[PDB]
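Here the structure is laid out as structure tokens; the discussion comes afterwards.
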Amino acid sequence: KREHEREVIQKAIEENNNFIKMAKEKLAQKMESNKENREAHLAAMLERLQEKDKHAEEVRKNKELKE
Amino acid sequence: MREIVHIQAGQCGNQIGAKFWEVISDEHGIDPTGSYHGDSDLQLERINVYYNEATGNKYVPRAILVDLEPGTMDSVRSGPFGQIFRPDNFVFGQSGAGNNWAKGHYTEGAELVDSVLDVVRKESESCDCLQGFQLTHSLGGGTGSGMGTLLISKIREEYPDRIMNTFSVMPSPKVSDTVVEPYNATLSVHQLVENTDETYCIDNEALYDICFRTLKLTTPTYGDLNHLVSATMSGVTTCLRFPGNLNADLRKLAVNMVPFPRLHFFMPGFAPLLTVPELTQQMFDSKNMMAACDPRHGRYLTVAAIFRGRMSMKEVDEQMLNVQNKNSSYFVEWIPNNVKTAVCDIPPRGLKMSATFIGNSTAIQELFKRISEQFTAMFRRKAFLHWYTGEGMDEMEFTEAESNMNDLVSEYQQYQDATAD
Amino acid sequence: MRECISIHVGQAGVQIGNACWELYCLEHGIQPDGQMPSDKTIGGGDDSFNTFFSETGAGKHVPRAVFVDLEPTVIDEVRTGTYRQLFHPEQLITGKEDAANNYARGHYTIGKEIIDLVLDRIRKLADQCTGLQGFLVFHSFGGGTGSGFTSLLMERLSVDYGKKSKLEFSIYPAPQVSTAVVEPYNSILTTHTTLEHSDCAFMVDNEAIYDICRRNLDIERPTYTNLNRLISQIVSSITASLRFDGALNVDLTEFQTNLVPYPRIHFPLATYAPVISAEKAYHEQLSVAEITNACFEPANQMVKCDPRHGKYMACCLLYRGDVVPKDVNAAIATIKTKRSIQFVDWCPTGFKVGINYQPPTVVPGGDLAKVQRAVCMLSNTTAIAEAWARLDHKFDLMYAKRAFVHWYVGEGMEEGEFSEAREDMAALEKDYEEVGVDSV
Ligand SMILES: Nc1nc2c(ncn2[C@@H]2O[C@H](COP(=O)(O)OP(=O)(O)OP(=O)(O)O)[C@@H](O)[C@H]2O)c(=O)[nH]1
Ligand SMILES: Nc1nc2c(ncn2[C@@H]2O[C@H](COP(=O)(O)OP(=O)(O)O)[C@@H](O)[C@H]2O)c(=O)[nH]1
Ligand SMILES: [Ca+2]
Ligand SMILES: [Mg+2]
Ligand SMILES: [Mg+2]
């Protein structure tokens with residue numbers, strides 16, 4: 001009976017510790033996945049505007065061809 | 001609090017922008033010398049959204065005036081409230097765009113774009129919490145059309161996480177300045193689709209038709225047209241300027257009005273042009289829209305309605321709920337509760353009650369069909385292309401912008417015919 | 001001992017917190033400067049009201065509360081308001097720009113910039129507790145902060161405080177007073193994320209409270225002040241067992257044992273009576289039998305649903321004021337005949353009763369009349385799933401066209417998070433069907 005009583009209290013401890021652990025890792029994965037996602041969206045946006053500037057350079061060099 | 005940076009570019013931009021600053025300074029009680037002389041503390045509760053506070057408790061508009069020719073900005077500085085503006089915020093060109101998009105976007109405008117960015121960077125760097133940018137311009141000219149859209153793209157590069165809002169003026173042959181206006185508009189619409197969060201379509205055709213059919217004039221000047229724009233621009237920013245809970249800032253307005261990123265072109269409406277039922281009915285009337293489109297020819301994705309003045313806010317709830325039920329088939333089912341209603345106890349000048357309508361309707365495709373039909377009829381013959389290809393442009397840029405606009409109209413039709421159940 | 005820390009998140013949670021802490025002070029005799037002339041133990045003590053108020057040496061009774069909002073506008077009214085001396089500045093935490101009605105901004109983009117500071121301040125409150133019991137989290141479903149930041153906070157509280165009890169007072173969105181078109185999205189997302197981190201959640205349907213104000217108080221167009229003062233009466237009834245004491249005062253954790261048969265079935269239905277105007281209260285006194293009868297009128301429920309369409313798994317009556325058991329048992333005996341109250345077959349059918357002798361009070365100048373006796377009912381009925389169903393249907397309508405989803409994806413979220421959250425709701429709806437089916 002004493003051995004079972006320690007099995008129960010250690011299982012309760014293990015349950016609470018595991019709930020905290022899973023919560024802590026699910027959250028870290030969510031925040032990291034979200035941070036990378038948002039940086040990828042902003043990077044894709046700024047790269048798209050980078051092409052706008054290169055095409056604007058192509059337009060100015062094309063006009064420059066007077067002779 | 002939440003600062004908005006204002007930019008005006010070109011003739012039409014600086015003109016309507018002047019009237020805008022004249023109207024709201026009058027509403028917030030600010031004289032041409034930048035001094036407050038009002039009665040209600042609600043005029044200063046969110047005054048910092050559009051104004052800075054300098055030495056001597058003076059309120060200076062956070063506005064930047066841009067143009068490739070000085071003639072338009074000179075009469076602004078000489079006009080009423082010309083002293084209220086920061087003289088360093090005047091950015092002046094000496095060449096002009098000749099009402100040519102390529103000159104505004106690539107040649108004359110690109111030479112002056114850096115000096116504008118410096119002034120914009122100073123106004124933004126001293127902002128507690130920048131909301132974004134508010135542009136006034138036309139799409140049928142050269143400076144505001146070409147350099148405006150260029151200014152949008154260059155600002156997006158430096159402030160990609162800020163809201164980009166524009167008051168764009170659509171050209172029509174009823175007040176046509178030049179003949180190449182379908183070219184400038186189609187190239188600019190292609191830019192507004194990709195780089196702005198929300199665009200108020202100020203259609204000159206709707207302005208002239210109101211200034212002709214409703215208000216009888218026959219010979220409507222730009223002042224009568226801009227009078228409609230000032231009242232409209234004052235109405236659609238009431239939620240930004242006074243203590244309000246609904247659509248209080250630019251991002252909350254964009255979140256609640258834009259269900260899909262490209263479909264961000266709004267139909268502004270204003271009433272009157274005597275009671276809350278009458279005010280509500282006129283507000284939804286196709287003849288009160290500042291865009292030449294009939295909403296009964298399309299569907300409402302989202303709508304925002306601002307009642308200004310003193311009235312029964314219970315009667316307003318009953319009237320805005322009544323029009324949604326009676327006109328149920330004109331609102332998309334797959335967006336529940338897509339009509340928001342705001343109330344501001346402070347009316348505009350000269351009116352005891354007013355109503356401002358901002359609709360995101362698929363019927364806006366009619367305005368884009370009108371500009372595209374004038375484009376293709378002009379592009380079918382390659383007319384006036386030397387103005388643009390002389391500035392280094394290629395025919396690809398024209399065909400793409402037209403193909404982009406044809407995809408926008410088909411996108412509006414896609415969601416007009418979309419159902420649930 | 002047995003302290004409770006309150007956390008008010010976003011505009012709705014903050015403004016409701018103002019109503020609750022104002023009502024608490026009136027119930028306990030605490031002045032706006034925190035002084036309590038009746039409290040003879042200066043600088044501390046273990047009275048029942050100390051579960052919510054700490055004490056300074058100068059005799060000020062300080063709420064065990066934290067206010068959090070990602071924008072300063074609302075909390076600035078606490079800072080300059082009537083009860084500004086009640087709180088220390090460290091309990092009032094504000095950001096610069098809000099979540100813009102976007103769960104992603106409340107949970108991720110804007111939220112992560114202030115979450116550590118908020119937890120640090122919560123930790124400073126917990127360190128003053130001799131035996132912290134848990135948290136009460138007030139928030140809206142629909143706001144970007146009330147949904148996104150609350151989810152992030154409840155996740156962090158599970159980590160920093162183990163399985164310590166976390167209770168919710170959540171504002172279910174109603175079109176009559178709504179702020180954003182994307183409120184079904186934020187509601188499903190936060191309900192999914194918080195589901196496994198909340199022991200008990202009292203939902204409040206703004207349309208239910210709105211209609212109660214119109215009908216019972218004769219307010220043409222009720223405001224947030226009207227709604228929050230009514231909501232504060234329900235919160236007061238629920239926490240009165242913690243804040244007050246008595247021979248018949250049944251603790252809330254004891255009700256909680258009966259109210260939560262399974263971890264996910266933790267959404268009790270609240271019903272309050274009497275809500276009457278001063279004019280009607282001048283005419284007639286409402287007995288124990290009358291206010292008890294009103295608890296089974298669906299018009300007095302905090303959430304719009306039909307309990308006849310479901311089954312009961314628990315039924316608790318929380319009385320306050322001039323009430324004795326003999327009246328309660330007689331009134332319950334009447335209700336157990338004139339009303340058909342169907343229980344699931346795996347649950348006992350009795351009603352659990354608590355009485356708090358401290359009489360209810362009202363804010364002076366308000367619209368609620370001061371009555372001699374009030375009751376709050378907390379029942380666990382499968383019918384509350386109808387509220388999930390209505391909300392889920394609005395979500396499904398917009399998500400089928402991916403309407404507004406770009407505002408969430410642009411802030412770093414994925415379509416998978418929407419479908420995963422919606423599936424959790426479908427499973428929760430299925431859970432509520434299963435618990436109500438008779439045994440074999
Ligand atoms: N009952 C009640 N509901 C409120 C109150 N304030 C806001 N709400 C509701 O809350 C929802 C909107 O969320 P809010 O709490 O206002 O927004 P928030 O939490 O500050 O989030 P963001 O402003 O987006 O950063 C709507 O359904 C409102 O009806 C209030 O004081 N009382
Ligand atoms: N409503 C309105 N439209 C204008 C105004 N000024 C010009 N426009 C329109 O703008 C178009 C020409 O653009 P413009 O202002 O000349 O461009 P800019 O020269 O580069 O600044 C024409 O189609 C006009 O109808 C104005 O003050 N009000
Ligand atoms: Ca004491
Ligand atoms: Mg011109
Ligand atoms: Mg808010």
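Naming works like this for the structure tokens: A, B, ... for the chains as they're shown, residue 1 at the start of each chain, ligands 1 onward in shown order.
Counting only C-alpha atoms, every residue of chain C that comes within 10 Å of chain A is listed here: residues 104, 107, 108, 109, 112, 152, 155, 156, 157, 158, 159, 160, 161, 162, 163, 164, 196, 197, 409, 410, 411, 412, 413 and 414 of chain C.
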Those same residues - N, CA, C and O atoms - I'd like them written as a compact mmCIF listing (two decimals), in the first residue's frame.
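Output (selection.txt):
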```txt
# COMPACT_ATOMS: atom_id res chain seq x y z
N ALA C 104 -4.06 37.28 -34.74
CA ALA C 104 -2.63 37.09 -34.98
C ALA C 104 -1.81 38.20 -34.35
O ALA C 104 -0.71 37.96 -33.83
N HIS C 107 -1.96 37.67 -30.43
CA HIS C 107 -1.22 36.50 -29.97
C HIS C 107 0.26 36.52 -30.36
O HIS C 107 1.09 35.99 -29.62
N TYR C 108 0.60 37.14 -31.50
CA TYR C 108 1.96 37.04 -32.02
C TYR C 108 2.63 38.40 -32.17
O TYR C 108 3.47 38.77 -31.35
N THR C 109 2.25 39.15 -33.21
CA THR C 109 3.04 40.31 -33.64
C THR C 109 3.16 41.35 -32.53
O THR C 109 4.27 41.73 -32.15
N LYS C 112 3.76 39.40 -28.33
CA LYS C 112 5.02 38.92 -27.78
C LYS C 112 5.90 40.05 -27.26
O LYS C 112 6.84 39.78 -26.50
N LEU C 152 -2.41 33.64 -25.59
CA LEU C 152 -0.99 33.63 -25.27
C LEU C 152 -0.77 33.67 -23.76
O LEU C 152 0.11 32.98 -23.24
N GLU C 155 -1.74 30.30 -22.08
CA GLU C 155 -0.69 29.32 -22.33
C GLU C 155 0.51 29.56 -21.42
O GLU C 155 1.06 28.61 -20.84
N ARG C 156 0.92 30.82 -21.28
CA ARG C 156 2.05 31.13 -20.41
C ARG C 156 1.71 30.88 -18.94
O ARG C 156 2.59 30.51 -18.16
N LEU C 157 0.44 31.09 -18.55
CA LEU C 157 0.06 30.85 -17.16
C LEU C 157 0.06 29.36 -16.84
O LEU C 157 0.40 28.96 -15.72
N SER C 158 -0.31 28.52 -17.81
CA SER C 158 -0.18 27.08 -17.61
C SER C 158 1.26 26.68 -17.36
O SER C 158 1.53 25.77 -16.56
N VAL C 159 2.21 27.35 -18.02
CA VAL C 159 3.61 27.00 -17.85
C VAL C 159 4.14 27.49 -16.51
O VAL C 159 4.80 26.75 -15.78
N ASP C 160 3.85 28.74 -16.16
CA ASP C 160 4.42 29.34 -14.96
C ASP C 160 3.66 28.99 -13.69
O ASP C 160 4.19 29.21 -12.60
N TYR C 161 2.44 28.45 -13.79
CA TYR C 161 1.67 28.14 -12.60
C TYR C 161 1.06 26.74 -12.65
O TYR C 161 0.06 26.49 -11.96
N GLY C 162 1.64 25.83 -13.42
CA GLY C 162 1.19 24.44 -13.41
C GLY C 162 -0.27 24.31 -13.77
O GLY C 162 -0.77 24.96 -14.70
N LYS C 163 -0.98 23.46 -13.03
CA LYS C 163 -2.42 23.28 -13.21
C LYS C 163 -3.23 24.09 -12.21
O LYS C 163 -4.39 23.74 -11.93
N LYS C 164 -2.66 25.17 -11.67
CA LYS C 164 -3.41 26.09 -10.83
C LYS C 164 -4.62 26.63 -11.59
O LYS C 164 -4.56 26.89 -12.79
N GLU C 196 -7.71 23.84 -23.59
CA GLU C 196 -7.03 22.94 -22.67
C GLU C 196 -6.33 23.67 -21.53
O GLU C 196 -5.72 23.01 -20.68
N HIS C 197 -6.42 25.00 -21.47
CA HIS C 197 -5.76 25.79 -20.44
C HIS C 197 -6.74 26.46 -19.49
O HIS C 197 -6.33 27.29 -18.67
N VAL C 409 -2.95 35.60 -42.23
CA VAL C 409 -1.78 34.97 -42.83
C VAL C 409 -0.64 35.98 -42.96
O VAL C 409 0.53 35.65 -42.76
N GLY C 410 -0.97 37.23 -43.29
CA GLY C 410 0.04 38.26 -43.39
C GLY C 410 0.78 38.53 -42.10
O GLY C 410 1.88 39.08 -42.12
N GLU C 411 0.19 38.17 -40.96
CA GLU C 411 0.84 38.35 -39.67
C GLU C 411 1.54 37.08 -39.18
O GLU C 411 1.98 37.04 -38.03
N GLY C 412 1.64 36.06 -40.03
CA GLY C 412 2.39 34.86 -39.70
C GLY C 412 1.57 33.62 -39.44
O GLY C 412 2.16 32.56 -39.20
N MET C 413 0.24 33.70 -39.48
CA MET C 413 -0.57 32.51 -39.25
C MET C 413 -0.73 31.71 -40.54
O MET C 413 -0.42 32.17 -41.64
N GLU C 414 -1.22 30.48 -40.39
CA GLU C 414 -1.40 29.56 -41.50
C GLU C 414 -2.85 29.11 -41.57
O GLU C 414 -3.56 29.10 -40.56
```
Task: Shell around residue 293 in chain C at 10 Å using only C-alpha atoms, local window under 2 positions removed, as a list in words - done: residues 273, 287, 288, 289, 290, 291, 295, 296, 297, 331, 332, 334, 335, 338 and 339 of chain C
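Running DSSP on the backbone and keeping only strand (DSSP E), the residues of range 121-232 of chain C that qualify are residues 132, 133, 134, 135, 136, 137, 138, 139, 140, 165, 166, 167, 168, 169, 170, 171, 172, 200, 201, 202, 203, 204 and 205 of chain C.
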Once you have the residues from the selection above, write them out as an mmCIF file, in the first residue's frame, restricted to N, CA and C atoms.
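Full text of selection-v4.cif as output:
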```cif
data_model
loop_
_atom_site.group_PDB
_atom_site.id
_atom_site.type_symbol
_atom_site.label_atom_id
_atom_site.label_comp_id
_atom_site.auth_asym_id
_atom_site.auth_seq_id
_atom_site.Cartn_x
_atom_site.Cartn_y
_atom_site.Cartn_z
ATOM 1 N N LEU C 132 -1.927 31.118 -3.073
ATOM 2 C CA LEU C 132 -2.675 31.545 -4.249
ATOM 3 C C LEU C 132 -3.556 30.416 -4.764
ATOM 4 N N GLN C 133 -4.819 30.742 -5.024
ATOM 5 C CA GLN C 133 -5.802 29.758 -5.454
ATOM 6 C C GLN C 133 -5.903 29.664 -6.972
ATOM 7 N N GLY C 134 -5.769 30.780 -7.673
ATOM 8 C CA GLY C 134 -5.853 30.758 -9.117
ATOM 9 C C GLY C 134 -6.162 32.138 -9.664
ATOM 10 N N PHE C 135 -6.532 32.155 -10.942
ATOM 11 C CA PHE C 135 -6.717 33.387 -11.689
ATOM 12 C C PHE C 135 -8.133 33.486 -12.241
ATOM 13 N N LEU C 136 -8.598 34.725 -12.389
ATOM 14 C CA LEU C 136 -9.840 35.045 -13.080
ATOM 15 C C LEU C 136 -9.496 35.964 -14.243
ATOM 16 N N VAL C 137 -9.753 35.506 -15.465
ATOM 17 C CA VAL C 137 -9.343 36.209 -16.676
ATOM 18 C C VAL C 137 -10.585 36.749 -17.371
ATOM 19 N N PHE C 138 -10.669 38.074 -17.479
ATOM 20 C CA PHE C 138 -11.782 38.758 -18.128
ATOM 21 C C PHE C 138 -11.335 39.240 -19.502
ATOM 22 N N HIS C 139 -12.097 38.895 -20.534
ATOM 23 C CA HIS C 139 -11.710 39.257 -21.890
ATOM 24 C C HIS C 139 -12.903 39.089 -22.815
ATOM 25 N N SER C 140 -12.788 39.684 -23.992
ATOM 26 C CA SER C 140 -13.761 39.483 -25.051
ATOM 27 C C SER C 140 -13.304 38.352 -25.966
ATOM 28 N N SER C 165 -5.734 26.782 -10.875
ATOM 29 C CA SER C 165 -7.020 26.991 -11.526
ATOM 30 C C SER C 165 -7.073 28.331 -12.256
ATOM 31 N N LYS C 166 -7.603 28.309 -13.474
ATOM 32 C CA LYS C 166 -7.802 29.508 -14.270
ATOM 33 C C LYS C 166 -9.259 29.553 -14.703
ATOM 34 N N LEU C 167 -9.963 30.600 -14.289
ATOM 35 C CA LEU C 167 -11.360 30.799 -14.630
ATOM 36 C C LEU C 167 -11.486 31.957 -15.612
ATOM 37 N N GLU C 168 -12.489 31.875 -16.481
ATOM 38 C CA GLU C 168 -12.710 32.865 -17.527
ATOM 39 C C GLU C 168 -14.079 33.510 -17.374
ATOM 40 N N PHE C 169 -14.129 34.818 -17.599
ATOM 41 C CA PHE C 169 -15.364 35.532 -17.903
ATOM 42 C C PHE C 169 -15.197 36.081 -19.312
ATOM 43 N N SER C 170 -15.887 35.475 -20.270
ATOM 44 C CA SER C 170 -15.657 35.720 -21.684
ATOM 45 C C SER C 170 -16.879 36.371 -22.312
ATOM 46 N N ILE C 171 -16.643 37.365 -23.162
ATOM 47 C CA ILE C 171 -17.714 38.129 -23.793
ATOM 48 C C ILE C 171 -17.961 37.550 -25.181
ATOM 49 N N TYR C 172 -19.091 36.879 -25.328
ATOM 50 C CA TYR C 172 -19.510 36.272 -26.585
ATOM 51 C C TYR C 172 -20.068 37.353 -27.508
ATOM 52 N N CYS C 200 -12.590 26.536 -16.186
ATOM 53 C CA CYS C 200 -13.987 26.943 -16.120
ATOM 54 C C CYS C 200 -14.172 28.292 -16.794
ATOM 55 N N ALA C 201 -15.184 28.416 -17.652
ATOM 56 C CA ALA C 201 -15.379 29.635 -18.423
ATOM 57 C C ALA C 201 -16.845 30.030 -18.394
ATOM 58 N N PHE C 202 -17.130 31.215 -17.858
ATOM 59 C CA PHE C 202 -18.482 31.765 -17.834
ATOM 60 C C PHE C 202 -18.643 32.693 -19.032
ATOM 61 N N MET C 203 -19.353 32.225 -20.054
ATOM 62 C CA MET C 203 -19.599 33.050 -21.226
ATOM 63 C C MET C 203 -20.741 34.022 -20.975
ATOM 64 N N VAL C 204 -20.618 35.218 -21.545
ATOM 65 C CA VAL C 204 -21.639 36.255 -21.448
ATOM 66 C C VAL C 204 -21.951 36.722 -22.863
ATOM 67 N N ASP C 205 -23.169 36.450 -23.322
ATOM 68 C CA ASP C 205 -23.619 36.864 -24.645
ATOM 69 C C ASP C 205 -24.065 38.322 -24.582
#
```
TODO: Tell me, as an NGL selection string, which residues lie within 12 Å of range 50-58 of chain A, counting only C-alpha atoms; anything in the same chain fewer than 2 positions away does not count.
DONE: (:A and (43-48 or 60-65)) or (:B and (102-107 or 109-110 or 149-154 or 156-158 or 191 or 194-195 or 391-394 or 396-397))
Write out the residues from the selection above, keeping N, CA and C atoms, as a short mmCIF file (atom, residue, chain, number, x, y, z; two decimals), in the first residue's frame.
```cif
data_model
loop_
_atom_site.label_atom_id
_atom_site.label_comp_id
_atom_site.auth_asym_id
_atom_site.auth_seq_id
_atom_site.Cartn_x
_atom_site.Cartn_y
_atom_site.Cartn_z
N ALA A 43 9.66 39.69 -46.42
CA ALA A 43 10.76 39.56 -47.37
C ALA A 43 10.25 39.44 -48.80
N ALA A 44 9.17 38.67 -49.00
CA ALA A 44 8.60 38.53 -50.33
C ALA A 44 8.01 39.85 -50.82
N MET A 45 7.46 40.65 -49.90
CA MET A 45 6.90 41.94 -50.27
C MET A 45 8.00 42.91 -50.70
N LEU A 46 9.07 43.00 -49.91
CA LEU A 46 10.15 43.92 -50.23
C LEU A 46 10.92 43.48 -51.47
N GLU A 47 11.04 42.17 -51.69
CA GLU A 47 11.69 41.69 -52.90
C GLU A 47 10.87 42.04 -54.13
N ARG A 48 9.54 41.97 -54.02
CA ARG A 48 8.68 42.35 -55.13
C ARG A 48 8.86 43.82 -55.50
N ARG A 60 14.85 53.74 -67.59
CA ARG A 60 15.70 54.91 -67.74
C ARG A 60 16.86 54.64 -68.69
N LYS A 61 17.46 53.45 -68.60
CA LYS A 61 18.54 53.12 -69.52
C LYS A 61 18.01 52.94 -70.94
N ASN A 62 16.77 52.49 -71.09
CA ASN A 62 16.20 52.33 -72.43
C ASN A 62 15.96 53.68 -73.09
N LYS A 63 15.46 54.66 -72.33
CA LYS A 63 15.29 56.00 -72.89
C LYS A 63 16.63 56.64 -73.22
N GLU A 64 17.64 56.39 -72.38
CA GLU A 64 18.97 56.97 -72.59
C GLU A 64 19.54 56.66 -73.96
N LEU A 65 19.03 55.63 -74.63
CA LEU A 65 19.49 55.26 -75.97
C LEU A 65 18.94 56.26 -76.98
N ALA B 102 4.69 58.22 -67.49
CA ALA B 102 6.09 57.83 -67.54
C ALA B 102 7.00 58.91 -66.98
N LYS B 103 6.67 60.18 -67.23
CA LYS B 103 7.46 61.27 -66.67
C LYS B 103 7.33 61.33 -65.16
N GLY B 104 6.13 61.02 -64.64
CA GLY B 104 5.92 61.05 -63.20
C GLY B 104 6.52 59.86 -62.49
N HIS B 105 6.46 58.69 -63.12
CA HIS B 105 6.88 57.45 -62.47
C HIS B 105 8.35 57.11 -62.69
N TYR B 106 8.93 57.56 -63.80
CA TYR B 106 10.27 57.12 -64.20
C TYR B 106 11.26 58.25 -64.39
N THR B 107 10.84 59.38 -64.98
CA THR B 107 11.78 60.39 -65.42
C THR B 107 11.72 61.58 -64.47
N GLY B 109 9.60 62.48 -62.12
CA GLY B 109 9.24 62.18 -60.74
C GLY B 109 10.35 61.46 -59.99
N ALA B 110 11.06 60.55 -60.67
CA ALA B 110 12.11 59.79 -60.00
C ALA B 110 13.28 60.68 -59.59
N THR B 149 2.02 57.09 -57.55
CA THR B 149 2.19 55.64 -57.46
C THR B 149 3.64 55.26 -57.20
N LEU B 150 4.58 56.03 -57.74
CA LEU B 150 5.99 55.80 -57.40
C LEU B 150 6.23 56.08 -55.93
N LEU B 151 5.69 57.19 -55.42
CA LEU B 151 5.85 57.53 -54.01
C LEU B 151 5.26 56.45 -53.11
N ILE B 152 4.16 55.83 -53.54
CA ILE B 152 3.56 54.75 -52.77
C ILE B 152 4.52 53.57 -52.67
N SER B 153 5.09 53.16 -53.81
CA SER B 153 5.97 52.00 -53.82
C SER B 153 7.24 52.25 -53.01
N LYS B 154 7.83 53.44 -53.15
CA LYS B 154 9.05 53.73 -52.40
C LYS B 154 8.79 53.83 -50.91
N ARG B 156 6.33 52.15 -49.32
CA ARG B 156 6.11 50.78 -48.89
C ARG B 156 7.42 50.06 -48.61
N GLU B 157 8.49 50.41 -49.34
CA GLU B 157 9.78 49.79 -49.10
C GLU B 157 10.32 50.14 -47.72
N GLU B 158 10.08 51.37 -47.26
CA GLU B 158 10.59 51.82 -45.97
C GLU B 158 9.61 51.62 -44.83
N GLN B 191 -0.86 49.94 -60.19
CA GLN B 191 -0.03 50.16 -59.01
C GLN B 191 -0.86 50.16 -57.73
N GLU B 194 -1.63 46.73 -56.14
CA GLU B 194 -0.58 45.97 -55.49
C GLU B 194 0.00 46.63 -54.25
N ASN B 195 -0.08 47.96 -54.12
CA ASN B 195 0.70 48.65 -53.10
C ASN B 195 -0.10 49.52 -52.14
N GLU B 391 9.93 57.93 -73.12
CA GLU B 391 10.51 57.94 -71.79
C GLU B 391 11.11 56.59 -71.41
N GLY B 392 11.25 55.67 -72.36
CA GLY B 392 11.89 54.40 -72.12
C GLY B 392 10.95 53.24 -71.85
N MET B 393 9.65 53.48 -71.77
CA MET B 393 8.71 52.40 -71.52
C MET B 393 8.60 51.48 -72.73
N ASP B 394 8.16 50.25 -72.47
CA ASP B 394 7.92 49.25 -73.49
C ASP B 394 6.43 48.94 -73.55
N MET B 396 5.09 46.21 -73.30
CA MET B 396 4.74 45.21 -72.30
C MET B 396 4.09 45.85 -71.08
N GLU B 397 4.61 47.00 -70.65
CA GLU B 397 4.08 47.66 -69.46
C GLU B 397 2.64 48.12 -69.67
#
```
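Residues with any atom within 10 Å of residue 260 in chain B, counting only C-alpha atoms and excluding same-chain neighbours fewer than 5 positions away, are residues 255, 301 and 411 of chain B; 401, 402, 403, 404, 405, 406 and 407 of chain C.
Closest approach to ligand 1 from the set B:320, B:353, B:253, B:292 is made by B:253, with distances taken over only C-alpha atoms and all ligand atoms.
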- [ ] Can you tell me which residues come within 9 Å of ligand 3 when counting only C-alpha atoms and all ligand atoms, ideally as a VMD selection string?
- [x] chain C and resid 36 38 to 47 49 to 50 54 to 55 59 61
Task: Residues within 8 Å of ligand 4, counting only C-alpha atoms and all ligand atoms, as an MDAnalysis selection string - done: chainID B and resid 11:12 99 141 177:178
Using 8 Å as the limit and counting only C-alpha atoms, can you tabulate each residue of chain B that touches chain C, with its shortest atom-to-atom distance in Å and the two atoms involved, as a tab-separated table?
```
residue	atom	partner	partner_atom	distance
B:2	CA	C:97	CA	7.8
B:129	CA	C:96	CA	6.7
B:245	CA	C:179	CA	7.4
B:246	CA	C:179	CA	5.9
B:251	CA	C:100	CA	6.1
B:252	CA	C:100	CA	4.9
B:255	CA	C:407	CA	6.9
B:256	CA	C:181	CA	5.6
B:258	CA	C:404	CA	6.9
B:259	CA	C:404	CA	4.2
B:260	CA	C:404	CA	6.0
B:261	CA	C:406	CA	7.0
B:313	CA	C:221	CA	7.5
B:314	CA	C:221	CA	5.9
B:333	CA	C:397	CA	7.7
B:334	CA	C:397	CA	4.6
B:335	CA	C:398	CA	5.5
B:336	CA	C:394	CA	6.5
B:337	CA	C:181	CA	6.4
B:338	CA	C:181	CA	6.0
B:420	CA	C:397	CA	7.0
```
TODO: For ligand 2, collect every residue having any atom at a distance of at most 9 Å from a ligand atom (counting only C-alpha atoms and all ligand atoms); output as a VMD selection string.
DONE: chain B and resid 9 to 16 67 to 69 72 96 to 101 104 137 to 148 169 to 179 181 202 to 205 207 to 208 221 to 229
Would you list the residues that come within 7 Å of ligand 5? Count only C-alpha atoms and all ligand atoms and give the answer as a PDB file with C-alpha atoms, in the first residue's frame.
```pdb
ATOM      1  CA  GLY C  10      -8.427  44.255 -23.722  1.00  0.00           C
ATOM      2  CA  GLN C  11     -11.088  46.944 -23.733  1.00  0.00           C
ATOM      3  CA  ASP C  98      -3.536  47.495 -30.495  1.00  0.00           C
ATOM      4  CA  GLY C 143     -11.244  41.694 -29.965  1.00  0.00           C
TER       5      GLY C 143
END
```
Task: From C:292, C:18, C:349, C:241, residue lying nearest ligand 1 [only C-alpha atoms and all ligand atoms] - done: C:18
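Between CA of residue 9 in chain C and CA of residue 69 in chain C lies a distance of 5.8 Å.
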Open item on the list: For the structure I just gave you, how does DSSP split range 140-295 of chain B - specifically, which residues are helix (DSSP H, G or I)? Reply as a ChimeraX atom specification.
Closed with: /B:143-158,173-175,181-195,204-214,222-235,238-241,250-257,276-283,286-288,295
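Proximity of B:114, B:26, B:249, B:125 to ligand 1, computed with only C-alpha atoms and all ligand atoms, is greatest for B:249.
Interatomic distance, CA of residue 234 in chain B to CA of residue 342 in chain B: 14.1 Å.
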